Structure formats: structure tokens, C-alpha cells
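So the sequences go chain by chain: D and U.
Per the UniProt record's numbering: the first sequence = residues 6 to 33, 36 to 150.
Per the UniProt record's numbering: the second sequence = residues 6 to 34, 40 to 151.
Think of the CB as a built atom: it goes at the ideal place given N, C-alpha and C, for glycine as much as any other residue.
Worksheet for the structure shown next.
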Amino acid sequence: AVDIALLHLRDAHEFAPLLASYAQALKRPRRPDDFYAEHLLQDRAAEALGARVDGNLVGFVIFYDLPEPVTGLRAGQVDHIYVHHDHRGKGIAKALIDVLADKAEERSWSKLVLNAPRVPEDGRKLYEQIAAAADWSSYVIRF
Amino acid sequence: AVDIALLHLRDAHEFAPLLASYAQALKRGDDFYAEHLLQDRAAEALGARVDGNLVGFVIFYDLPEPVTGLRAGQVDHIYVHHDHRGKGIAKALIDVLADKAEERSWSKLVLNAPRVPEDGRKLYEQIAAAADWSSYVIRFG
């Protein structure tokens, strides 16, 4: 039932409302919904995996394939995961991370870093069950 | 007289031993890896020169911010040669990076400090606010 595949620029319009719902948690929009979907899908540094149920796009995960200077290999980095609220309790978010983790060999990843925002809690609630706590510390300067 | 400028491929030869010394402490267990790093589409490296010699660097990513449609900078690695500590060079590198924020319309600069070596943390905790997100890792191998 759950079909997971990489999103491309073709999918911006379908991706747009799903991304808009996720952003409504993280607050802020002088652009329409399609602008944010098209903007991300035209950045070659970002990739997004999508989850479809019965033809409808009902989840996504945005990830970066980044250089890893310490080992000289690469690493994946996830900052954003979201499942449509009518499709909770189905294990979809974990299915998205599982597919991403399975790309490790293809991409020469030594690791997958998962960053969970404070709100919404869904990324955090998933990651703490399926991954190890990070041992580095993080800081931010706002502009 | 610290001279701070973005590193390019020509700088790879000087950058490599500085990256190797930093990487030594970070973890362990390629002669041209610095060229791969300096030609990545997401990563960039700022270098610090004193009397012509490259003595420090910071590696950063200019990443999309899907929520806002902007960009944001992310620092995971900073290093200053051990004979050039106590001169404010690490802070100066972050200061130049903050200047690029307006040029690049960054809403924020994320600073990630590994557990070892502690120099990044000791700098970041004095110049920035603690992060309010949480992080996790799945390792392969």
C-alpha cells in the first residue's frame, strides 16, 4: 500500500500543500504554496523522498547528501519529516527513514544525521525510538 | 593581521595538512580529499592566513530552508593551528561568516560542535544561543 519514491520538480504542485501543512507548525507567507515546493525541488543539494497511499501523496522527508570531512565519505542529513494527519498511526514516517537508510551503500554514507525540531514533536518522537542520541552540541545565531 | 578569505581549489594543497590535523583529533579507524571537499556544491571553507601561512579554517554548508524559502548556514567543523591559539582567530572566522549572512540572506547560522575537540563548543557557547532542537544518528558499518 505505501509507495515511497524520490520527488522531482514534476511533483512540486502535489508536494506544495503537504509542505504547507508542515510549515504551519514551524510558523513564519508572501509566497504561494507552490513557490516553496518549486524552490526546494530546484536546489540540487536537497532531495526529498515522498510517500504515496492510494495514489495520494501523504508524507515526505527532506534530506541532504553532504560531504563528511572526518571520514572522507559522505553522510545524510534530515531536518524535516512530515506525515499527513489522516495517515498517522500507520508507520509511514519510519518507512521513509528506512528507505533513506537503505541508500547508505549507494551514497557511501557513514551515517544518517536526524535533526528534530522542537515543534512539531513527531520527528523527535520517531527518532528517539529508532536512532542513537547525538553526542555533539548545537548553537544558533539569528539574523 | 589575520587575512580571512574563502578557500578555493588552488588552496587545496595548503588546506590538506590543516584538515588532516583537525580530522586526526575528530575520529579515526585519500591524498586529494581536500579537493573533493572544496569542490562540493554545498560545502565551503573559510581560511585564516597569518603572515602568508594558512593557520585556520571553518567548514560550512549553505543549505536551503524549506519552510521559509531562504538559506541558512551550518557550521560543523572549525580548526585553528595549535601554535596560533589565543589570538581570537576562530571568532574572527565566525564573524566573517556572519557577514556573509546578509549577502546570502541567511535567516540563521547553525553551529554544530563535536564532542572532541572541544574548541568549537568553547567558542560557540560564548558567542551563540543554545539550540532548542534535538539530534540523532544512525551509523553504518
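Whose C-alpha, out of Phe67/U, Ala17/U, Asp129/U and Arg81/U, is nearest the C-alpha of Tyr43/D? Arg81/U
Using a Cβ cut-off of 9 Å, pull out every chain D residue sitting near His46/U, in sequence order please. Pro74 and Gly79
Would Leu121/D pass as an interface residue toward chain U - the criterion being a Cβ-Cβ separation below 8 Å? yes
Return the first residue and the last residue of the alpha helix (DSSP H) that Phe42/D is part of. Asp40 to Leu48
If you count every other CB in all the chains shown that lies within 10 Å of the CB of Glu112/D, and 16 or more means buried, which is it? exposed
Close beta carbons around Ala17/D, own chain, < 7 Å, minus the five adjacent residues each side: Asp41, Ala44, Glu45 and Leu48
Starting from the C-beta of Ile99/U, find all residues in its chain whose C-beta is less than 8 Å away, skip the five residues before and the five after it, and write them out in chain order. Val7, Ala58, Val60, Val65, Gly66 and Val90
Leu121/D in three-state terms, based on DSSP: strand
Is there a Cβ from chain D that is less than 8 Å from the Cβ of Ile9/U? no
CB-CB under 6 Å to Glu75/D, same chain, minus the five flanking residues each way: which ones, in chain order? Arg81, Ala82 and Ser117
With distances taken from CA atoms, which of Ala108/U, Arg95/U, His94/U and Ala102/U is nearest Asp72/U? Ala108/U
Just to make sure I have the definition right: I need the residues of chain U whose C-beta is within less than 9 Å of the C-beta of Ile69/D. Which are they? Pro74 and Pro76
Per DSSP, what are the beta-bridge partners of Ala55/D in this structure? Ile69/D
Pick out whichever of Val147/U, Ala53/U, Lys101/U and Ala138/U has its Cα sitting closest to the Cα of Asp86/U. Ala53/U
Limits of the alpha helix (DSSP H) - the one that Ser26/D falls within: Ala17 to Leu31
Which of the three DSSP states, helix, strand or coil, is assigned to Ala138/D? coil
Just checking my contact of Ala28/D with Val147/U at CB under 8 Å: how many whole Å lie between their CB atoms? No, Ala28/D and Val147/U are not in contact; Cβ-Cβ is about 26 Å, not under 8 Å.
Are the C-beta atoms of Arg125/D and some chain U residue less than 8 Å apart? yes
Could you tell me how far apart the beta carbons of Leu121/D and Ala138/D are, in whole angstroms, since I believe they sit closer than 8 Å? 6 Å
Would a check of beta-carbon distances place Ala141/U closer than 8 Å to chain D? yes
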